[PDB]
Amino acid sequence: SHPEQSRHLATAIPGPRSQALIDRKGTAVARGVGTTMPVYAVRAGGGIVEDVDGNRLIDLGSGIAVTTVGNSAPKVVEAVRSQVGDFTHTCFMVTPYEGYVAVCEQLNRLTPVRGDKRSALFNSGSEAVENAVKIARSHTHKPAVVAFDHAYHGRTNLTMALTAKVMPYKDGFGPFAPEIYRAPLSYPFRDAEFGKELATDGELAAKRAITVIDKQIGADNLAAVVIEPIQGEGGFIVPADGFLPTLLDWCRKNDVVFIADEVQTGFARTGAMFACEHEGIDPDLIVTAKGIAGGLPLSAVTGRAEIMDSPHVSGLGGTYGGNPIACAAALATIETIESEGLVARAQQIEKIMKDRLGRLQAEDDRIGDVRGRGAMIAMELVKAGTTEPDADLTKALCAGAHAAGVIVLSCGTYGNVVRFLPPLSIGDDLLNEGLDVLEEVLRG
């Protein structure tokens, strides 16, 4: 039974029980673990998170794009409750189980990779990115990996290296994994300053990136190009059409592994099962996590078999990876997406969000850009009439929204992107109410 599907302010935010927990957190948990919301969760589902003080908050974050099928989705709940009674863990590398194999089979069926495929399962998106890189290096016997401006790939030493922004992800945590290189990205809103055409000519932006890659790395030294189809933490940046196709074509001609990092965009989030579908991109490897298992810790790499099978037996794995409870949850998640038509639901949500935010942009020129696909939509805030970022306004907006019982996140290289990641279980009325709150706060 989920919380009542209405916003409710029982107390000030934070309320007293949340504040008590904030004080406990401060004396038990390292300060490096930051928290966005000043409330403590007790129950969640549909479009709501209910806190320890009885407030019900509208969820426009889905736990950073994780609870796409909704928190405590009925199929996930049942799958976890059943499996936990059978076994919690055998370690797949010790005693295997059907759940792991079935999830790999489903990934192989569902992903935009073409031909014969194999998969492997881990826990976090960072681990899965690490394994995609291991796999590419093993297959190609080449060292280098290139990632892009505004990219985010995780918090391990190598995924920090792959990540572009230092504060807070990398600052003081190096030195970082070697032979990682940076290439320029298609970012239409900011590329427009140098030519309206370059803001829309994705093939040309890819050629700029290729020249960097060719000259500064060389295909014969390059294992892999890793890219998010839409940059997530970097600001919900959607590349100009032609950028991803041209990159993939270059990789295919130069024996370089094209790795799509769909940790955030994957599993119905962008109004397709995978965001690579929007331009018909068939990557060599695809990394998945977040929405894959309805909140349970699971991640994966799926890819062309000949690439995936290069690592030697026992060269991939980890103790917990592909946990049987998580696998049960992932199968339940897939079944939920397919049975409830959640890809189409993300499309419906895109229409509502782009309509509402577009009308807002029309009334407020501090909104420089509205962008994204499906239920991954954002607005970038700027000093009116310019592309100068306004992170101060972004912080103010988010703080005001939180005070009014709405969970909303920011992101961006310049800290000035307000993003929207509602779960696909949110109803239209709560989605529209959340956006109403943002409008009211922005007006004041």
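Quick note: we count residues from 1 along the sequence shown, nothing fancier.
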Practice prompt. Name the higher of the two by mean Cα B-factor in the PDB entry, 6 to 14 versus 20 to 28.
Written response: 6 to 14
Discussion item. If you average the CA temperature factors as listed in the entry, which stretch comes out higher, 51 to 59 or 382 to 390?
Written reply: 382 to 390
Discussion item. Checking the record values for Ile281, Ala224, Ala73, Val129, which has the greatest CA B factor?
Written reply: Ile281
Item to complete: Name the one of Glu335, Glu78, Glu203, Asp149 with the greatest CA B-factor according to the PDB entry.
Response: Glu203
Response to the item:
By the entry's values, the third containing the CA B factor of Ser339 is the highest
Practice prompt. Please place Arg109 in the lowest, middle or highest third of its chain by C-alpha B factor as given in the entry.
Written response: highest
Discussion item. Quick check for you: using the entry's CA B-factors within this chain, is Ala240 in the lowest, middle or highest third?
Written reply: highest
Item to complete: Rank-wise, by C-alpha B-factor, drop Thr270 into the lowest, middle or highest third of its chain.
Response: middle
Practice prompt. Comparing against every modelled residue in the chain, figure out the third that the C-alpha B-factor of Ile325 lands in (lowest, middle or highest).
Written response: lowest
